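What follows is a set of notes on a single structure, which appears directly below.
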Ligand SMILES: [Zn+2]
Ligand SMILES: [Zn+2]
Ligand SMILES: [Zn+2]
Ligand SMILES: [Zn+2]
Ligand SMILES: [Zn+2]
Ligand SMILES: [Zn+2]
Ligand SMILES: [Zn+2]
Ligand SMILES: [Zn+2]
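Residue numbers (the entry's author numbering), protein chains in the order written: chain C, 2 to 71; chain D, 6 to 71; chain B, 3 to 71; chain E, 3 to 72; chain A, 3 to 70; chain F, 2 to 72.
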């Protein structure tokens, strides 16, 4: 296992399938919404209010319903 | 990147944003300028922010990238 | 030299479905099984599955002895 | 855009011996003048001089406005 | 080089099987013996082996003095 | 402006002249001792006794007395 071989498809699936996710920050704050876009550094989280999240600040990404990866 | 168009949009359009630090602290103002590692946030006081200490950037209003 | 320990270790936990505790850098403790992982993240399965960034992990503690191949 | 903003800013602050406050990621506030810097550290001069790792800095806040050109 | 200090330091602790304290950036204190290590993690053996990410480590403190 | 052009001379100086220093960690903690050595990633802090410190965990290094740098 190497590179983003898991992260990319995982996030890309949450995105393509517009899955409601909770994103827990290292500082203990919880964000919620849908992944609109992402790259090596950040994730765009769309909600009542959209926002750009730095991945280096993310602890865990918890999908609201189970997700199967290709 | 997603980061560059995003921030440059906020800059160009002078969008009021809230930057939450990696320690919970919130900063408010406008993205005056930025490079790969820092952002200049202009308010009644202008200040340089290290991206590495940012958790999330939240625009006051919705924005769209071309 | 960076992978020679980490990957065999994570893979072994994965292959043998060993229950692990994953302590986060903010002091929170997660539990489950290592379903998959790459260079940057780990997929942890419990009743509720979740993706964990390695950069937020301090330590990984298996529920029982794990021998490296 | 690389250091295009960071170098000029820091170099300007150093050149003009501008008083600054440096807030660390842990909320701690340092104060004094930027005497020098490299890719990783800043030398902050005051009654006590000290070497600050950039990785530990949240924000750098000048005591007065600065003109952008290095 | 890249590791001219870190490697010999950790290797010596691994060889002499010296009991060490590993303080994490978040305060917590781990204890045991360095069983093995690579560039990014340390395997710390106590009641059972735990893998410690180097990025989360503040300081490594041996129970007794060590010569490089 | 590039590399450890400042970090190395400074750290090398503290080591050469065996200056007592305080090293404040990102978590607030404060370590004291003398810089015995360092490389790209860590600093060896000689006290009673020697402690390896990750640079990634350090916020600031404060010498006990003023320190001049070469040229
Ligand atoms: Zn890998
Ligand atoms: Zn990716
Ligand atoms: Zn860019
Ligand atoms: Zn627009
Ligand atoms: Zn086994
Ligand atoms: Zn090495
Ligand atoms: Zn530069
Ligand atoms: Zn160096």
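We treat Cβ as the ideally placed atom computed from N, Cα and C, and that holds for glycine.
The beta carbon of residue 58/E lies closer than 7 Å to those of 26 and 27 in the same chain, with the five residues before and after it left out. The CB of residue 70/A never comes closer than 9 Å to any CB in chain B; the least such distance is about 20 Å. Counting only residues of its own chain and dropping the five nearest sequence neighbours on each side, residue 70/A has a CB closer than 7 Å to the CB of 10, 11 and 14.
In chain order, 31, 33 and 63 place their CB closer than 6 Å to the CB of residue 23/F, counting only its own chain and leaving out the 5 sequence neighbours on each side. Look at residue 16/D: its beta carbon is at least 7 Å from all of the heavy atoms in ligand 4. Here the alpha carbons of residue 67/B and residue 50/A stand approximately 6 Å from one another. Chain C places no beta carbon closer than 8 Å to that of residue 48/B, leaving this residue out of the contacts. Sequence-distant partners of residue 45/F (beyond 5 residues in either direction) whose C-beta falls short of 8 Å from its own C-beta, in its chain, are 36, 37, 38, 39, 51, 52, 53 and 54. DSSP places residue 8/D in the helix class (H, G or I) of the three-state scheme.
Annotation: residue 65/F is outside any beta strand (DSSP E) and is labelled neither H nor E by DSSP. At a Cβ-Cβ threshold of 8 Å, residue 65/F and residue 20/F count as neighbours. Looking at the backbone, the Cα of residue 3/B and that of residue 47/A are separated by about 19 Å. When the five nearest sequence neighbours on each side are left out, the beta carbons in the same chain lying within less than 8 Å of the beta carbon of residue 42/B are those of 55, 56 and 57, in order along the chain.
For residue 39/F, the uninterrupted beta strand (DSSP E) run begins and ends at 31 to 39, by DSSP.
Summarising the contact set, residues whose Cβ lies nearer than 5 Å to any heavy atom of ligand 7 are, in chain order, 5/E, 9/E and 2/F. Excluding residues up to 5 positions away in sequence, 36 lie with their Cβ nearer than 6 Å to the Cβ of residue 16/A in the same chain.
Cα atoms of residue 8/C and residue 18/B: separation of roughly 22 Å, rounded to the nearest angstrom.
Within the stretch 51 to 69 of chain D, those residues whose Cβ lies closer than 8 Å to any Cβ of chain E are, in chain order, 51, 52, 53, 54, 55, 57 and 58. Not a single heavy atom of ligand 2 lies less than 7 Å from the C-beta of residue 41/B. Using beta-carbon distances, residue 43/E counts as an interface residue toward chain F, with a partner under 8 Å. Identification of residues in the stretch 27 to 38 of chain B having a C-beta nearer than 8 Å to some C-beta of chain C yields 27, 28, 30, 32 and 38, given in sequence order. Secondary structure at residue 3/B: coil, using DSSP grouped into helix, strand and coil.
Per DSSP, the unbroken beta strand (DSSP E) holding residue 21/D starts and ends at 21 to 26.
Put simply, the backbone Cα of residue 72/E is about 46 Å away from that of residue 6/B.
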